[PDB]
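See below for the structure under consideration.
Protein chains in written order, with the UniProt record's numbering: chain A, 2 to 82; chain B, 241 to 320.
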C-alpha cells in the first residue's frame, strides 16, 4: 500500500506523453494560458473579495471614529464661561 | 533454365509507370514518447524500450549487431 508496485487495481486505461525535448516549455501561453487564469479568478471572485472589503470598511470607520473622539468638545466649553 | 522460364510467364507484367511518378519514399520522423496501457489483471508486466537506429544501408549497423550480442538474450528455461 506504500510501494508503487502495489497501490491500487486499475484496468482499461491508456496514457500518452511526449518527451520534454520534443515540446515547448511555454505552449499557447498567450492565447490559451491567460484566458484560463481569467476563468480561475472570475470563478472565485465573489466567494472571497467581498468579505475583505467589509474588513476595509470596518478598518476605515474605526480610525475615523478614533480620531473623531480626540477632537475638542464645543459643548463642554459653551457653558464653562 | 530459370531465366528462360520466367520470360514466358512474367514477361507480360506491366512496366511502364504512369508519368514516371515513382512513389519516392518520404523520410520518417522519430519521436520520444511513451504509451502505457495498464491492465492489472494480466499475469506479467510487458515493456519494450527503443531508440532511433540507422537505416538498412549504413555500415554502422554491423557494429551495433556486435553490441547487441554483448547484451545477449535470456530465458528462464536456459539451463545455464
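Just so you know, even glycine gets a beta-carbon here, dropped at the ideal spot from N, CA and C.
Contact set between residue i and chain A, taken where Cβ atoms lie within less than 9 Å
i	result
residue 276 (chain B)	14, 15, 16, 17, 18
Within chain A, partners of residue i - CB distance below 7 Å
i	result
residue 293 (chain B)	Those do not exist, as residue 293 (chain B) stays about 17 Å from chain A at its closest Cβ, beyond 7 Å.
residue 281 (chain B)	12
Chain B residues whose Cβ lies nearer than 8 Å to that of residue i
i	result
residue 25 (chain A)	Within 8 Å Cβ-Cβ: nothing; residue 25 (chain A) doesn't reach chain B, min ~14 Å.
Contact list for residue i against chain A, beta-carbon separation under 8 Å
i	result
residue 252 (chain B)	Neighbours of residue 252 (chain B) on chain A: none; closest Cβ ~49 Å, over 8 Å.
residue 272 (chain B)	19, 20, 22, 23
Contact with chain B by residue i, beta-carbon distance below 8 Å
i	result
residue 10 (chain A)	yes
residue 1 (chain A)	Residue 1 (chain A) lies beyond the range of chain A shown here (2 to 82); nothing can be said about it.
Close Cβ partners of residue i (< 7 Å) along its chain, the five nearest in sequence each way excluded
i	result
residue 72 (chain A)	none
Residues near residue i by beta carbon distance below 8 Å, same chain, minus five either side
i	result
residue 292 (chain B)	270
Contacts around residue i, its chain only, beta-carbon distance under 6 Å, and the 5 residues preceding and following it disregarded
i	result
residue 320 (chain B)	none
Going residue by residue through the segment 19–44 of chain A, where are the continuous alpha helix (DSSP H) segments of at least 4 residues, counting only ones entirely within it? 34–44
Examine the Cβ distances between the segment 7–24 of chain A and the segment 263–282 of chain B and report whether three or more of them are shorter than 8 Å. Counting Cβ pairs under 8 Å, three or more are found: they touch.
Should the segment 266–276 of chain B be regarded as contacting the segment 17–31 of chain A, the criterion being three or more beta carbon pairs within less than 8 Å? yes
List in chain order: all unbroken beta strand (DSSP E) runs of 3+ residues lying wholly within the segment 245–281 of chain B. Listed in chain order, the complete beta strand (DSSP E) runs (minimum 3 residues) inside the segment 245–281 of chain B are 273–279.
Taking one C-beta from the segment 41–48 of chain A and one from the segment 294–308 of chain B each time, how about it: are there three or more such pairs within less than 8 Å? no
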